[PDB]
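S.K.: Take a look and give me a structure for this.
(6 chains)
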Amino acid sequence: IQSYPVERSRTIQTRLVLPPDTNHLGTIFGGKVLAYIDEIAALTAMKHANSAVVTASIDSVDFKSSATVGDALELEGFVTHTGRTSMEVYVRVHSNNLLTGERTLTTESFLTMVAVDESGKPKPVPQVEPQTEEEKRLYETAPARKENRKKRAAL
Amino acid sequence: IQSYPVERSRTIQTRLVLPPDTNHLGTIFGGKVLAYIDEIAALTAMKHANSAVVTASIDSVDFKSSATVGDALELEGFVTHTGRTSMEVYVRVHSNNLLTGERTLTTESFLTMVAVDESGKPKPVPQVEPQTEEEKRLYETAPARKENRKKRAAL
Amino acid sequence: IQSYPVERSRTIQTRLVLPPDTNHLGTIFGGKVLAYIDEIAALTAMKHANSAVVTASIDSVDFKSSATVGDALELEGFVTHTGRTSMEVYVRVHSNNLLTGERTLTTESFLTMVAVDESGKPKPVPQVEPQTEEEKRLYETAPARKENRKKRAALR
Amino acid sequence: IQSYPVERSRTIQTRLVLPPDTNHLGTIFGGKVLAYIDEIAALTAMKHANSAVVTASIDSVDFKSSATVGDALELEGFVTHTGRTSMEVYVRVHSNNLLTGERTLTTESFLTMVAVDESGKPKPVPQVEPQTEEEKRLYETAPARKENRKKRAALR
Amino acid sequence: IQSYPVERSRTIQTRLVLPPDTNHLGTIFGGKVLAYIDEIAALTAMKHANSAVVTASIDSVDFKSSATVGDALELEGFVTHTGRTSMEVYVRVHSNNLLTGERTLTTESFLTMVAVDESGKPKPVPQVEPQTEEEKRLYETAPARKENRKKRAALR
Amino acid sequence: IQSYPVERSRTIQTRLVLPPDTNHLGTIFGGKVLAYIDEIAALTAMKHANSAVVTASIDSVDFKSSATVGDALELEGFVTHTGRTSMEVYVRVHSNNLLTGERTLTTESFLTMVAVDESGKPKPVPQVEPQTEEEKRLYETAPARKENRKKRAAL
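M.R.: Residues are numbered from 1 along each chain as shown, chains lettered A, B, ... in the order given. Please see the structure below:
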């Protein structure tokens, strides 16, 4: 019955895209973006659950656009909904050209995170209070995503 | 109107899990796994389409368990189905303990890859011929997955 | 001629400390922290100037404590004071252990950054307006730091 | 003792060459190639011996050309010959341009791996039996390499 | 009361600047240079103290210029002056284009390094002896730097 | 006939062994060691020839023992002998435990480096003058290594 507002789990990350992070085209290597998402989704889940977490699954990722070298890479992740031991985490990724001002949504992800105790066994997590228009929409469309997730389980 | 067998597009990775590859929970970093998954999917798509490709969307990553330090990561990637520019890539990860002989299924993943020109625009792709029992099975329930994937996008 | 509030340049970074980030003593390798400091200072300055930046110099780094595996690294940069083409960037770093809720100030640093154009030559920067009392305090004690820093250069 | 075919020990790696993997010229860093080679040889020895392994010595690395950005690195590793507690691993590295369909032989390597116990001491290994013709010719002229290597060890 | 010549502590590092070491502006990413600096400072201090060390603070980092891809990066660190348990470490970083034979001073830095026992507690370090005229000059002007650093900490 | 002393080519490197460098066994990952040798060899060869160089071959690496975490890693490279366009490079690796005083030879390697011009074509390098006892020995035994090297190519 424990309840925290979404704002509590909110995690921001701001990176600078450098040549070691690039692919063979000129944009950021997709794999780096994923490593960032997984990291921020974990921090988000930890802030909310107050315990160690494991990524149960990633329920969706789509690359709309890609950050170029020199861009600022903005990452934002928050807990959108919960089960008893699980937490749906939403991570969105923006590219920001600080020189020209141009900013676009590049990536978007949904992850299921599970909180675990010292011995690695799943642990009850507090439920999440949505407050803003965006949050309240994502809270209500989560059971629809979980039912869709549970059917993605059949091949 | 071109068709190639699955065998053509198959790509195999075999990593050795080292301390830098690990995390605070003594096991492997899930972000490292995603990096290998994206990397091998890219190669798998490329070998099939003979061109540069981008990961359009990651559709599922199911973390069943994970490898410890000193294990061997075994990755298998192959194309399961094709549209006209898009193609489904399947990636399997195994943790293989070379001392004890114990083999474990680490994670399964489904991605959608799109071949592109040097202009960065969707490019016509060859088709895929399933052959083994596994290859046939994944191919048959490929339309059902693409329909399920469509539906997730409408919240 | 141009002015902007501190709030505009503020940059937040949150990291998870993992084994490859650690050193031979079970703490976070100090060399990683400095790298994180430099990247966020560069972002901070870029956000305020809307141009490419170069780190002119680091004026001090102060290692008070340091993060452990599993901790969260919390980094905050913002612009504290400006010159004609230069900007003082203050970066502070916090270790946050989310399991027990313990939070500790790890590092503090003052850098000076210069905005640059196509040719890498100095570019006029907008000034900065402090808002909070910590921000105003830093803006006020900033000319003293530039003086101290000037005097430090001669001492060789 | 036990005897296993070469196929059992065969290990394949395939990688995508990226800018961080490259050197100050157009191509891949030679040190990245070596790290992959040591890793694959280590994996090849383990799958065969079913124990931990150390790299006793590198006997040769022949750099013929090297992969450029966007190439796939095809790496092939297998056991060629066996001693008491030693194993000869041969590593084949290919650059494969998936666009053009151009495939070149990058490098070849011969390594000696030693199986070790919990306390890092030489451990008896199973023997290897060749099945393909190239596997046969590598097996035939194995002692001739070890004889050259022994002679090499004392030319100082 | 113990005493060692600067010469003993001196640590040399030569690196090759590769594309992963670079930034969005063509030269070496400053955050990499700082990591190298911290590392060689630790190695310098470790040689003089014969114990584990921590970077207490950084006095200054002066970026004069920066290296390009393909350059040799030359680092030199030594201990310039000591306290009860602390050591001032000076590091200078030279860019060197071997092809053209052009050597340029890239960075300078002063750090305070504290020697520590097995439980992390600061422990006494031996004193240092300046020998060359440059080493003597740095030794003579060291107290003044600590004074400037002390007054720097007060400027908040 | 152009000629420089061995000392001119000499390159020293001192790294500190951190956990990202370690392997699944407590000691330094051999791969990293190889990467360090290759680097110092290239620097050494560039310094002697005043041009870009390629690592033609590695003629031997001898692993005697390993550096452990927290050790100082000491690498030293110098040109032992020269052909027309090539340079034999000797790389010795020491692990130095700075707390205990223990220093041990962990590795030795011999590399053949080739100097190249702007467009990758080989280029004549100056001959090397040995001076120290160690230097003079390795110079006189280098043709013996050259004969053994070229023979290993036939098998």
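S.K.: going on from the helix or strand hosting residue A:87, what's the next piece of helix or strand?
M.R.: Assigned by DSSP states H and E, residue A:87 belongs to strand A:86-96. Heading C-terminal from strand A:86-96, the first helix or strand you meet, by DSSP H and E, is strand A:103-116.
S.K.: Now tell me what touches the helix or strand following that following strand from outside.
M.R.: Per DSSP H and E, the first helix or strand lying C-terminal to strand A:103-116 is strand A:127-129. Strand A:127-129 is contacted from outside by A:1-6, A:9, A:48, A:79-82, A:87, A:139, using CB atoms under 8 Å, 6 or more residues apart in numbering or on different chains. C-beta: built from backbone N, CA, C; applies to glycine.
S.K.: strand partners of strand A:127-129, parallel vs antiparallel please.
M.R.: strand A:3-5 (parallel) (DSSP bridges).
S.K.: residues contacting the spatially most central residue of chain A?
M.R.: Using CA atoms, centre = their mean, the residue of chain A that lies closest to the mean C-alpha position is residue A:91, 2.7 Å off. Neighbouring residues of residue A:91 by CB under 8 Å, 6+ apart: A:37, A:40, A:41, A:44, A:75, A:76, A:77, A:107, A:108, A:109, A:110, A:111.
S.K.: let's see it at 6 Å
M.R.: Contact partners of residue A:91, counting by CB atoms under 6 Å, 6 or more residues apart in numbering or on different chains, are A:37, A:40, A:41, A:77, A:109.
S.K.: So which bits of chain A are right by chain D?
M.R.: Chain A comes close to chain D at residues A:19, A:20, A:22, A:24, as judged by CB under 6 Å from any CB of the partner chain.
S.K.: Try it again at 7 Å.
M.R.: By CB under 7 Å from any CB of the partner chain, the residues of chain A that approach chain D are A:19, A:20, A:22, A:23, A:24, A:29.
S.K.: Tell me which two of those residues sit farthest apart.
M.R.: Distance extremes for those: the farthest pair is A:20 and A:24 at 13.1 Å, using CB to CB.
S.K.: Can you tell me who the residue nearest to the centre of chain A pairs with across the strands?
M.R.: residue A:77, residue A:109.
S.K.: hang on, isn't residue A:98 packed against residue A:72?
M.R.: Yes - with contact defined as CB atoms under 7 Å, residue A:98 counts as touching residue A:72 (5.3 Å).
S.K.: related to what we said a few turns ago, would you mind listing the buried residues in the strand holding residue A:87?
M.R.: Using 16 or more other CB atoms under 10 Å in any protein chain shown as the test for burial, strand A:86-96 gives A:86, A:87, A:88, A:89, A:90, A:91, A:93, A:94, A:95, A:96.
S.K.: Find the nearest non-adjacent residue to the third one, please.
M.R.: It stands for residue A:88. residue A:81 (4.3 Å; CB to CB, 6 or more residues apart in numbering or on different chains).
S.K.: Would you mind listing the residues in contact with that neighbour?
M.R.: By CB atoms under 7 Å, 6 or more residues apart in numbering or on different chains, the residues touching residue A:81 are A:88, A:128, A:139, A:142.
S.K.: Let me know the closest of the residues you listed to residue B:61.
M.R.: residue A:88 (14.8 Å).
S.K.: so how far is residue A:46 from the closest one?
M.R.: 15 Å (CB to CB, to the nearest Å).
S.K.: How about residue A:107?
M.R.: 21 Å.
S.K.: Packing partners of the longest helix seen in chain A?
M.R.: When chain A is parsed with DSSP state H, its longest helix is helix A:30-49. Packing contacts for helix A:30-49, counted by 3 or more CB pairs under 7 Å, 6 or more residues apart in numbering or on different chains; DSSP states H and E, involve strand A:11-16, strand A:52-63, strand A:72-82, strand A:86-96, strand A:103-116, helix B:30-49, strand C:11-16.
S.K.: Single out the most deeply packed of those.
M.R.: Of all the helices and strands packed on helix A:30-49, helix B:30-49 has the most neighbours on average by mean count of other CB atoms under 10 Å in any protein chain shown, namely a mean of 25.
S.K.: Now do that one: distance to the chain's middle.
M.R.: With CA atoms, centre = their mean, to the nearest Å as the basis, helix B:30-49 stands 6 Å off its chain's centre.
S.K.: what angle do it and strand B:53-63 make?
M.R.: Orientation check (axes from the mean of the first three to the mean of the last three CA atoms, to 10 degrees): helix B:30-49 against strand B:53-63 gives 140 degrees.
S.K.: Output helix B:30-49 in CSV with nothing but the alpha carbons.
M.R.: Taking C-alpha atoms only, helix B:30-49 is exported to CSV below (Å, rounded to 0.1, in the frame of the first residue of the first chain):
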residue,chain,number,x,y,z
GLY,B,30,22.9,-6.1,-19.1
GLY,B,31,24.1,-3.0,-21.0
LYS,B,32,27.1,-5.0,-22.3
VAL,B,33,24.7,-7.7,-23.4
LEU,B,34,22.6,-5.2,-25.4
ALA,B,35,25.7,-3.9,-27.0
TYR,B,36,26.6,-7.4,-28.2
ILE,B,37,23.0,-8.0,-29.2
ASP,B,38,22.8,-4.8,-31.3
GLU,B,39,26.2,-5.4,-32.8
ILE,B,40,25.5,-9.0,-33.9
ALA,B,41,22.1,-8.1,-35.3
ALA,B,42,23.6,-5.3,-37.4
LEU,B,43,26.1,-7.8,-38.9
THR,B,44,23.4,-10.4,-39.4
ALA,B,45,21.3,-7.9,-41.4
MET,B,46,24.3,-6.7,-43.4
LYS,B,47,25.4,-10.2,-44.5
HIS,B,48,21.8,-10.7,-45.7
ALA,B,49,21.2,-7.4,-47.5
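S.K.: What residues does the residue nearest to residue A:26 when sequence neighbours are not counted make contact with?
M.R.: What sits nearest to residue A:26 in space, not counting adjacent residues and going by CB to CB, 6+ apart, is residue A:68, at 6.4 Å. Going by CB under 7 Å, 6+ apart, residue A:68 touches A:17, A:26, A:27.
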